[PDB]
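In the block that follows, a single chain appears as structure tokens, in the form solved without this ligand.
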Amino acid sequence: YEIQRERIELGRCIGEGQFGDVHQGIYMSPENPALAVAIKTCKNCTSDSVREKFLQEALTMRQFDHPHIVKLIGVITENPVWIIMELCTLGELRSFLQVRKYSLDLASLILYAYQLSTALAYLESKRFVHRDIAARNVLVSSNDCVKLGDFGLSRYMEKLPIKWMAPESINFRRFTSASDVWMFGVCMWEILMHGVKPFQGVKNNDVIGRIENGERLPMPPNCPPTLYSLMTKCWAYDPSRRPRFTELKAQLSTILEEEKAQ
């Protein structure tokens, strides 16, 4: 997927990544329409080390192709090293949700959860374990199209997302499709909470002991009990008792149609 700077146009910085600033911009191939794209840059990439860690995200994404998973489009492996990928115009799901709280309908909330479950159903069919499913890792493409990102797992380098992680992940570093379901459960909770973080105001160490106590994130105000009951299953302490995505995906569809026609 090698590209050439000659066809890329750097625009406004859109945020800082783990390796460098991220700029939005556009890629343009001649008789081909110009397409918006994000350009991840890496300031310390002259260092072989840092580069390997930076480009790894592209190698990973190079294996996927799903409508709800941020797409890789190319990479400029020479220098300065850049990774070019699809542009999600509306930003991160957390902000988008906090800003459109009193403006987004419930059905759109469930629809986002559903679209994410489809992307995850797909990764589970490829036996891929993401490891960090969280609202903060979801980009918004349109009012009715969410996408999953952060395959480079920015939060596991060197920050430990204890409050999103499955117990076995914290306690034993065990990451499996089942732990991804536990996380997706918290992510559903965030979406419904309009981008508020889980267990805010609770010390990690404390969240852990609470889970083992059977306590779980409370039901989001105005959350259909059917949806919360589905989150509660994603949070079964015993990983084997957690549902898989083919099933989450089928129930979210149901629940979505019920919130639609109602």
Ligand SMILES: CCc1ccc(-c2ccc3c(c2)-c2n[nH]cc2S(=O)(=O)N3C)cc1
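Just count from 1 along the sequence shown to find any residue number. C-alpha atoms forming the largest set that superposes within 1.5 Å between two forms make up the rigid core.
Undergrad: Relative to the other compared entries, is residue 101 without coordinates in a third or more of them?
TA: It is not, since residue 101 is included in all of the other entries that model both flanking stretches.
Undergrad: Do a third or more of the other compared entries leave residue 158 out of the model?
TA: Yes.
Undergrad: With reference to the PDB entry, specify whether the mean Cα temperature factor is higher for 90-98 or for 123-131.
TA: Comparing 90-98 with 123-131, the higher mean C-alpha B-factor belongs to 90-98.
Undergrad: Which has higher Cα B-factors on average according to the PDB entry: 111-119 or 72-80?
TA: Per the deposited B-factors, the answer is 72-80.
Undergrad: From 163, 159, 136, 147, can you pick the one with the highest C-alpha B factor in the entry?
TA: So the option with the highest C-alpha B-factor is 159.
Undergrad: Just to confirm, going by the entry's C-alpha B-factors, which of 209, 33, 225, 195 comes out highest?
TA: Spelled out: the listed residue with the top C-alpha B-factor is 33.
Undergrad: Compare the C-alpha B factor of residue 65 with those of the other modelled residues in its chain, then answer lowest, middle or highest third.
TA: Ranked within chain, residue 65 CA B lands in the lowest tercile.
Undergrad: Considering only modelled residues of the same chain, in which third does the CA B-factor of residue 186 rank: lowest, middle or highest?
TA: Ranked within chain, residue 186 CA B lands in the lowest tercile.
Undergrad: Comparing residue 42 with the other modelled residues of its chain, is its CA B-factor in the lowest, middle or highest third?
TA: As the PDB entry reports it, the C-alpha B-factor of residue 42 lands in the middle third of its chain.
Undergrad: What third of the chain does residue 151 rank in for C-alpha temperature factor, lowest, middle or highest?
TA: It belongs to the highest third of the chain when residues are ordered by C-alpha B-factor.
Undergrad: Could you look up the Cα B-factor of residue 106 in the entry and say which third of the chain it sits in: lowest, middle or highest?
TA: Residue 106: CA B-factor falls in the highest third of its chain.
Note that the form solved in complex with this ligand isn't included here; everything after this is about it.
Undergrad: Open or blocked pocket for this ligand when its pose in the bound PDB entry is superposed here, using 3 or more ligand atoms within 2.4 Å of backbone or C-beta atoms as the test for blocked?
TA: Placed partner shows the pocket blocked.
Undergrad: Given that this ligand is not shown alongside this chain, does residue 168 nevertheless sit within 4.5 Å of it in the bound PDB entry, heavy atom to heavy atom?
TA: Although this ligand is absent here, residue 168 would stay clear of it in the bound PDB entry, with no heavy atoms inside 4.5 Å.
Undergrad: I'd like to check something about residue 234: if you look in the bound PDB entry, is any of its heavy atoms closer than or equal to 4.5 Å to a heavy atom of this ligand?
TA: Flag for residue 234 set to no.
Undergrad: Can residue 163 be called a contact residue for this ligand in the bound PDB entry at 4.5 Å between heavy atoms?
TA: Although this ligand is absent here, residue 163 would stay clear of it in the bound PDB entry, with no heavy atoms inside 4.5 Å.
Undergrad: Does residue 111 make contact with this ligand in the bound PDB entry, using a 4.5 Å heavy atom cut-off?
TA: Judged by the heavy-atom cut-off of 4.5 Å, residue 111 is well away from this ligand in the bound PDB entry.
Undergrad: Suppose contact means a heavy atom within 4.5 Å; in the bound PDB entry, does that hold for all of 138, 150 and 184 with this ligand?
TA: Every residue of the candidate spot has a heavy atom within 4.5 Å of this ligand in the bound PDB entry.
Undergrad: Report the residue, out of 61, 227, 42, 193, that has at least one non-hydrogen atom within 4.5 angstroms of this ligand in the bound PDB entry.
TA: Looking at 61, 227, 42, 193 one by one, just 61 meets the 4.5 Å heavy-atom criterion.
Undergrad: Hey, which residues along 110-145 are within 4.5 angstroms of this ligand in the bound PDB entry, non-hydrogen atoms only?
TA: Heavy-atom contacts to this ligand in the bound PDB entry: 120, 123, 128, 130, 136, 137, 138.
Undergrad: Which of 225, 221, 201, 30 has its C-alpha displaced by 2 Å or more between the shown form and the other one after core superposition?
TA: Residue with a C-alpha shift of 2 Å or more: 30.
Undergrad: Kindly check if the Cα atom of residue 17 is displaced 2 angstroms or more between the shown form and the other one relative to the superposed rigid core.
TA: It does shift by 2 Å or more.
Undergrad: For residue 132, is the CA shift between the shown form and the other one at least 2 Å following rigid-core superposition?
TA: The answer is yes; the displacement is at least 2 Å.
Undergrad: Closer or farther apart in the bound PDB entry, the C-alpha atoms of residue 31 and residue 70, for a change of 3 Å or more?
TA: Closer together, by at least 3 Å.
Undergrad: Looking in the bound PDB entry, are the Cα atoms of residue 242 and residue 134 closer together or farther apart than here, the change being 3 Å or more?
TA: Pair moves farther apart in the bound PDB entry.
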